[PDB]
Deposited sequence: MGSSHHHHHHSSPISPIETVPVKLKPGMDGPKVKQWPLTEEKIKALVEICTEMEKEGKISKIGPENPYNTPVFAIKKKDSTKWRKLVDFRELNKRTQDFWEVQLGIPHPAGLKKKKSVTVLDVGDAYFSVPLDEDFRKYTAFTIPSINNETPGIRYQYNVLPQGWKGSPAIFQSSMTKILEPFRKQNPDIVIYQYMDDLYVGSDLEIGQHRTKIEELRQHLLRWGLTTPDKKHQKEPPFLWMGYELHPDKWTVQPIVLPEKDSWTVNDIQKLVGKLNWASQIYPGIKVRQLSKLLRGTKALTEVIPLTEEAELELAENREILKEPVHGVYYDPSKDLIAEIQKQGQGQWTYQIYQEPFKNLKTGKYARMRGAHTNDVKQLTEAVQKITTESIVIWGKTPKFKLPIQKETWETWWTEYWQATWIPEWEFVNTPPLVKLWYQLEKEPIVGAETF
């Protein structure tokens, strides 16, 4: 028995061109889709359906199984346990298969259309649409929620110190058990479901001022720039006595001895930068914005905010130092780690301002993607100023 679903008023469905796939992805998509057709989960359709969302496939590590991934970002556009972030361990199970057990409202099926391409355009695209709740669609958890609650009730009763949160296709299972017993309980839940993160140890990356015992005109100019910018986040910051040392027209490499007043100003400012940002309240009706800066040598900084200079979080991701590193691969893993953090803390994905060229990103990001959701993003060409301000 079906559940009617409509589009937001004044909105038509998605018309998004499919991008080129590699041979391995097309072969996996064709085999997966053939089985899905044999089981009634999808139906071939024609060009009289004017809708389309792109499709690709990811091969999970430690597994020769491919998983299909429909980018439902547009379609989703057009349609919380605060104790999970504190748990010792949190496992992330993939429960997407459950959705294929529930039919989809007939009048909605047309909007889930997708096209499989072919190598060297041997054939026109093969088009399908969904007959069941598709993985990666905003409506799938919503419509399945009641069956999910019935499925999880007795396991939650028998384990009240365990937190089970659902996001799009994933279960987050949080516990304070030791790692072996945690994995035992997770397999207990996997067995029950036939009807590895560690969030307590995530780090804020504060803004830091340089420490040294000889300052030049350049050093002080750079520090005044950084503090002037930072005072938009922390109003306590003050630059009068530091910029007083810069009067005149001096050489960049001239050594400037700090006065008593300016030394106090600097120590007070570096204290102020420890206090937490005042007046930052999460709004669920606005979206999270995540900025990322490439700091170099495998280091990346990021800030999650909703209004400018009111950061909900500020962090850094580190990776392999630069022997044979891949900037785009690392940027992608950084995006997934940030999205995971944001889903766990606020239950919502951020919109990323990515410091990469549109084309470089779209050429390569699907070779390193391992999640079942995809966040929104836009592309950016920042001044190196914000880079310096968050740098270490």
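- Query: What ranges of the deposited sequence, counted from 1, have no C-alpha atoms in this structure?
  - Reply: No C-alpha coordinates exist for 1-17, 97-107, 224-244, 442-452.
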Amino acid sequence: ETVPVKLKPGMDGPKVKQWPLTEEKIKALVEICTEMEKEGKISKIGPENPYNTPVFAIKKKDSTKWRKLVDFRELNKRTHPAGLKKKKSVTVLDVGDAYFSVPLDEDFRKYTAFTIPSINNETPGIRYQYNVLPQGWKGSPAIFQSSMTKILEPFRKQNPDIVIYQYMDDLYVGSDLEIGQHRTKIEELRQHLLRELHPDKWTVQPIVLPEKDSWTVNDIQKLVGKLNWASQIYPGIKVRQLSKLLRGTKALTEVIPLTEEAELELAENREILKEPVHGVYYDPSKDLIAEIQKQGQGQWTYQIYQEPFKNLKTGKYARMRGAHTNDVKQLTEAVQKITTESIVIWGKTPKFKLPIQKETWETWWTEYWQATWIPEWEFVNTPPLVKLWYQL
From here on, numbers count along this sequence of modelled residues.
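- Between 113-121 and 80-88 (mean CA B-factor, as deposited), the higher: Of 80-88 and 113-121, the stretch with the higher C-alpha B-factor average is 80-88.
- Query: Mean C-alpha B-factor higher for 271-279, or for 229-237?
  - Reply: The entry gives the higher C-alpha B-factor average to 271-279.
- Task: Among 315, 248, 322, 210, single out the one with the highest C-alpha B factor in the record, please.
- Result: In the PDB entry, the greatest C-alpha B-factor among 315, 248, 322, 210 is found at 322.
- Task: Name the residue from 18, 372, 22, 382 with the greatest C-alpha temperature factor listed in the entry.
- Result: Highest C-alpha B-factor among the listed options: 382.
- Item | residue 294 by Cα B-factor - lowest, middle or highest third of the modelled chain | It belongs to the lowest third of the chain when residues are ordered by C-alpha B-factor.
- Task: Would you mind checking where the Cα B-factor of residue 160 ranks among the modelled residues of its chain, as the lowest, middle or highest third?
- Result: Highest third of the chain for residue 160's C-alpha B-factor.
- Query: With respect to C-alpha B-factor, does residue 202 fall in the lowest, middle or highest third of the chain as deposited?
  - Reply: Highest third, going by the recorded CA B-factors of the chain.
- Query: Hey, what third does residue 43 fall into on Cα B-factor, ranked over its chain?
  - Reply: Lowest third, going by the recorded CA B-factors of the chain.
- Query: How does residue 189 rank on Cα B-factor within its chain, lowest, middle or highest third?
  - Reply: Highest third of the chain for residue 189's C-alpha B-factor.
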